[PDB]
């Protein structure tokens, strides 16, 4: 306001306006809430340092060029224009959009979204028959037909469908009750699937839909089935809301500026 950070701070401690709820309160209340500008120099350091978002190798080792024989997906995370360009190998695509919330863009999911069924190792195929079966079903408008009930619905209910020694989805997702069904997602019936997640904990018409008929690419189910969290092999129990993840998101929302 022409007001200094210090002044807003001193006013905020009087007010009681700052609330400390968790280990990441410094980041949450003083950095994100105050919209402090994030320098690209810090962002560069995140992609270059190991364990920057949770245990594993530095992103730039495997994604350090727009050459597809030196870097996976022709994705260059080591430069500001590279980040903005995204994957250059066909099918080429951006991994976020400057100025927009990246939480559910490709970069957001790769940092925060555990592959399903939870715990499955990255060396299991993401193009397997069951996955492609679901992809096609979603494409066909995700109908509730004979075919679905017979050939698709049991994929969520059978052990070892997407890899050896893996539990059926409905082990963890079988009701809309807060525990024991995670995210209150119920994958036992057609209706449970199209209802989506968190319908009890949030609005029933603010429920997180997991199937988007006509669109496999935007379907949380298909995304979770096909996207390995980064860096590859990162354990599921690693914090999905790492402060560096949040500082990264802030930088993107601020324009992904090379300044």
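Positions refer to the first chain, counted from 1.
For the pair 137-145 and 165-173, the mean B factor over Cα atoms is greater in 137-145. When 219-227 is weighed against 65-73, 65-73 comes out higher, by mean CA B-factor as recorded in the entry.
The entry assigns its greatest Cα B factor, within the set 38, 197, 52, 212, to 212. If you compare the C-alpha temperature factors of 150, 93, 110, 115 in the entry, 150 comes out highest.
Among the modelled residues of the chain, residue 98 sits in the middle third by CA temperature factor in this PDB entry. When the modelled residues of the chain are ordered by their C-alpha B factor, residue 121 lands in the middle third. Annotation for residue 87: C-alpha temperature factor in the middle third relative to the rest of the modelled chain, per the entry.
The deposited CA B-factor of residue 32 belongs to the middle third of values across its chain. Placement of the Cα temperature factor of residue 207 within the chain: highest third of the modelled residues, per the deposited record.
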